[PDB]
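A short worksheet on the structure shown next.
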Amino acid sequence: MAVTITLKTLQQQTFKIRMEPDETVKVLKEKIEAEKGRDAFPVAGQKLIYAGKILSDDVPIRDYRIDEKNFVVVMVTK
Amino acid sequence: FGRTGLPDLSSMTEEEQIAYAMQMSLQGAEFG
C-alpha cells in the first residue's frame, strides 16, 4: 500500500525503493540499507538528497516531493 | 571487486557517499 520512491546510489546505480511517501524516509533507509549495505547505508547515517535538500532519515520523504520520475541521492556515512 | 552491485566505498562511505551523493544529488537543480 505504498508508492515506488526513486533514488540515486552514489555508486551511480539509479534505482527506486518501495516505501510510502508519507513515511519519514527512515523506513526507506531500512530497504536501501538492506539493498546496498548496513555499513555503507546504515539507517543511522542514512540521508537523501532531493533538489539539494538533504533529508535526514527522521524526516518525511514526502516533505521533499520525491517523485518516481525524479530521484533522491541516498547518502550515508559510517 | 564489487562489480556485483556492491560498492562499500572500500571504507570511504562518508566522504565517498557524501562526495558521490552530492555529485548525483544535483540530478537536476542548477541548469546543467
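Per-structure values
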{"quantity": "Among (1) in contact (Cβ under 8 Å) with a residue 60 or more places away in the chain; (2) in contact with a strand residue (DSSP E or B) (Cβ under 9 Å, 6 or more places away or on another chain); (3) not polar (S, T, N, Q) - the single one A:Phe41 does not satisfy", "calculated": "(1)"}
{"quantity": "Region B:7-21: number of residues that are more than 7 Å from chain A (Cβ to nearest Cβ) and either part of a loop (DSSP other than H, G, I, E, B) or within 9 Å of A:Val73 (Cβ to Cβ) (or both)", "calculated": "1"}
{"quantity": "Selection from region A:29-54 of residues that are under 16 Å from A:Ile17 (Cβ atoms) and charged (D, E, K, R)", "calculated": "A:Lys29, A:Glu30, A:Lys31, A:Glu33, A:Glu35, A:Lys36, A:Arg38, A:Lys47"}
{"quantity": "Filtered residue count, region B:9-26, keeping only those that are crowded, with 18+ Cβ neighbours inside 10 Å and either farther than 19 Å from A:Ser56 by Cβ or not small (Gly, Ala, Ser) (or both)", "calculated": "7"}
{"quantity": "Selection within region A:17-34 - touching a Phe, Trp or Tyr at 6+ places or on another chain (Cβ under 9 Å) and exposed (fewer than 15 other Cβ atoms within 10 Å of the Cβ)", "calculated": "A:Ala34"}
{"quantity": "Residue within region A:61-70 that is in contact (Cβ under 8 Å) with a residue 12 or more places away in the chain, charged (D, E, K, R) and closer than 11 Å to B:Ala21 by Cβ present", "calculated": "no"}
{"quantity": "Among the residues listed as A:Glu35, A:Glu68, A:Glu20, A:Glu30, the single one being more than 10 Å from every other protein chain (Cβ to nearest Cβ) and not in a loop (DSSP other than H, G, I, E, B)", "calculated": "A:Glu30"}
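Since every read-out is calculated from the coordinates, none of them should be taken as a lab result. Positions of Cβ are generated from backbone atoms using ideal geometry, with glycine treated the same way; all protein chains shown enter the neighbour counts.
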